[PDB]
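Only one chain is shown below, in structure tokens, and it's the form solved without the named molecule.
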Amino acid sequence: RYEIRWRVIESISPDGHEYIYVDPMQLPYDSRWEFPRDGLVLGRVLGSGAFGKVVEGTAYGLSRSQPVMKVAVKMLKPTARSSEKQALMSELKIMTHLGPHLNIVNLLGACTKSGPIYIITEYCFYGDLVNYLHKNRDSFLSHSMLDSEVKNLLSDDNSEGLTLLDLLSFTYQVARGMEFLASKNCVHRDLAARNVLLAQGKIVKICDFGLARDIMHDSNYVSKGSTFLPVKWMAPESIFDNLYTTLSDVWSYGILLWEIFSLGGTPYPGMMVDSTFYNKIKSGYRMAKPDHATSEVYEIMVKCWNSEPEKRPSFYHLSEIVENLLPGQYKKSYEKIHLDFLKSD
């Protein structure tokens, strides 16, 4: 029972109370992704889950830009239920269908022929945002101008105490990653700081890292109908009407920003998901401003949490809003890094 959460919308009825998602099994596997298994050496486990694991690795000759390249490798357990094996190929097909973006964990290649299915993806040095914000909590100082040279350092591996600028950078980058997925009509459905990784250069990449987690040991998921749901991140219409769209992704984005600007805090602190939680959300309960959010940032969270989905801002517009909260130089740096990424290989 392992499947990627992400869905791509193929059509909507004219009303439209009916979404049709692509069946990923119906998509093609471009065999040009295939990479020789002997070009790949596996190393330390990054995370292990109920159905498989993600492992650190080195790929030789996979990339022209980096002939010796650190990667992350997604794989199933040997027990390998067959439907699961298809699920993994489906994830592969979806990633090929979406194409690449700076701010997602990108597909780099696959081993699908003789042996267990491997998906080869970008490796993210700093791991997920939750743990990263935790580890750097004590070092956080608040203090936003290009002249300082603080702005130049942000999108680099240089070492300094965590700052509001960093938090805004993470915010901007998740918005650009989600603007990309939204432009492909891809609905994430599990957007949360745990599904945001941080890579070399402090580049945030959105992913689904569920394969590396045991859902049954994860308190952030609540059982429903034989499934477990990230309830504290879910829009009301997903909770009550089972409706998942880009607009419910925007709701999750607001929850994610709360995670960010509370330095890795758990949403709805001290509030367990139970009958009185659902009633409160339904009745319009929203979180108060986290300690390190500016007023402009909390205003963004509040907008994402509109009870009326169509009144929530688009990820394109969120990107613009956050861009104006950042120094002009930062957008300049991002553009250069965007271009370098696209030129890679």
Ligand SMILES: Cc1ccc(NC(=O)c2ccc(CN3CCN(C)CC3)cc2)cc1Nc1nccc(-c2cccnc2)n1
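Heads up, when I say rigid core I mean the largest set of C-alphas that superpose within 1.5 Å between the two forms. Counting begins at 1, following the sequence as shown.
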Select one of none, 1 to 3, 4 to 9, or 10 or more to describe the deposited residues without coordinates separating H143 and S144.
-> 1 to 3
The stretch whose C-alpha atoms carry the larger average B-factor in the entry, 317 to 325 or 16 to 24, is 16 to 24
Determine, for stretches 111 to 119 and 243 to 251, which one has the higher mean CA B-factor as deposited.
-> 111 to 119
Of the residues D190, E259, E84, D128, the one whose Cα carries the largest B-factor in the deposited record is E84
Specify which of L181, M271, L198, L154 carries the largest Cα B factor in the deposited PDB entry.
-> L154
Taking the values exactly as deposited, rank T266 by C-alpha B-factor within its chain and report the matching third: lowest, middle or highest.
-> lowest
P236 - Cα temperature factor, lowest/middle/highest third of chain = middle
In terms of the chain's CA B-factor thirds, is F228 lowest, middle or highest?
-> highest
Compared with the other modelled residues in the chain, in which third is the CA B-factor of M69?
-> middle
Of the three thirds of Cα B-factor ranks in this chain, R194 occupies the lowest
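This next part talks about the form solved in complex with the named molecule, which is not shown.
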Result of superposing the named molecule in the deposited bound form onto shown chain, 2.4 Å backbone or C-beta criterion | blocked
For this chain shown on its own, do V105, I119 and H188 all sit within 4.5 Å of the named molecule in the deposited bound form, going by heavy atoms?
-> yes
Within a 4.5 Å heavy atom cut-off, is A72 in contact with the named molecule in the deposited bound form?
-> yes
Does at least one non-hydrogen atom of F170 fall within 4.5 angstroms of the named molecule in the deposited bound form?
-> no
Close approach of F261 to the named molecule in the deposited bound form, 4.5 Å, heavy atom = no
Decide whether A192 counts as a contact residue for the named molecule in the deposited bound form under a heavy atom distance cut-off of 4.5 Å.
-> no
In the deposited bound form, the one of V54, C304, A59, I281 near the named molecule [non-hydrogen atom within 4.5 angstroms] | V54
Of the residues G127, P100, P236, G201, which one places a heavy atom within 4.5 Å of the named molecule in the deposited bound form?
-> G127
From the candidate stretches 221 to 229, 72 to 80, 269 to 277, 252 to 260, select the single one in contact with the named molecule in the deposited bound form, where contact means a heavy atom within 4.5 Å.
-> 72 to 80
For the stretch 32 to 50, return the residues whose heavy atoms include at least one within 4.5 Å of the named molecule in the deposited bound form, in the order they occur.
-> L46
Across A212, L168, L263, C111, the single C-alpha shifting 2 angstroms or more between this form and the one not shown with the core held fixed is at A212
